[PDB]
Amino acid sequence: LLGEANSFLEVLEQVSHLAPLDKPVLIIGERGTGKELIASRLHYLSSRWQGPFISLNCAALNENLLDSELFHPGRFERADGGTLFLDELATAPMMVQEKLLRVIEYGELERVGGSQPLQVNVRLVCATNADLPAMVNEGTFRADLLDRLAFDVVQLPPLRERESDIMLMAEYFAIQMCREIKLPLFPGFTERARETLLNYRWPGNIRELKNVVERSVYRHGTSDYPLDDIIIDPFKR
């Protein structure tokens, strides 16, 4: 994990204290900010580290199949003894959100008839970029679920608020790309390059930075001169 920005370092410190708890954690941050990497850290730094790390994006699946996917068997079942990461929570159906509250509140998976309810031992982590308290007031997120799910909140800073890290990360990603394309040395970034990198708002944050930098190193294609042209938008040219 790259970064030295105070705001990022306070997140890592926080994660180190939260990881051993069995309490549910909410991660707030923009796309591409490393929320999944932090969730993975919460799992590997916990007592449950030898246990499974199951993950699921509540947008990587049809709305009507969330239920049965979550609770065919489900992610909870798979994460038993382990940890479950749920990205994109602010677009889960209310019923899944009320059922989610029940699994949190009661520690067991509801079973209709026949089978008795299934006891699970799962550390939960969720992630989003909504003002969840705003979705509660909007009738789009359950006030009761939030009152219990947000035991604590990890706020991951966007890249534009970790401005000291933009060049550190850009240089790392550029060097890795130089290795991929067999250039002998990364020749550096011009000041024009650095202005471009630092003045851009990075709506896709670290994912976007890596792709931008890699593309730019490739287009440049040489170690003879410093990299001047940062290609933010490949759809222009």
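The first residue of the shown sequence is 1; numbering continues from there.
Coordinates are absent for 10 or more residues of the deposited sequence placed between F71 and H72.
The mean C-alpha temperature factor is higher for 180-188 when 165-173 and 180-188 are set side by side.
The question of which stretch, 123-131 or 101-109, has the higher mean Cα B factor is settled in favour of 101-109.
Sorting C58, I38, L197, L45 by the CA temperature factor given in the entry leaves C58 at the top. Between the residues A92, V153, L149, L156, it is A92 that shows the highest Cα B-factor in the PDB record. Among the modelled residues of its chain, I232 has a C-alpha B-factor that falls in the lowest third according to the deposited record. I28: CA B factor in the middle third of modelled residues in this chain (values from the PDB entry).
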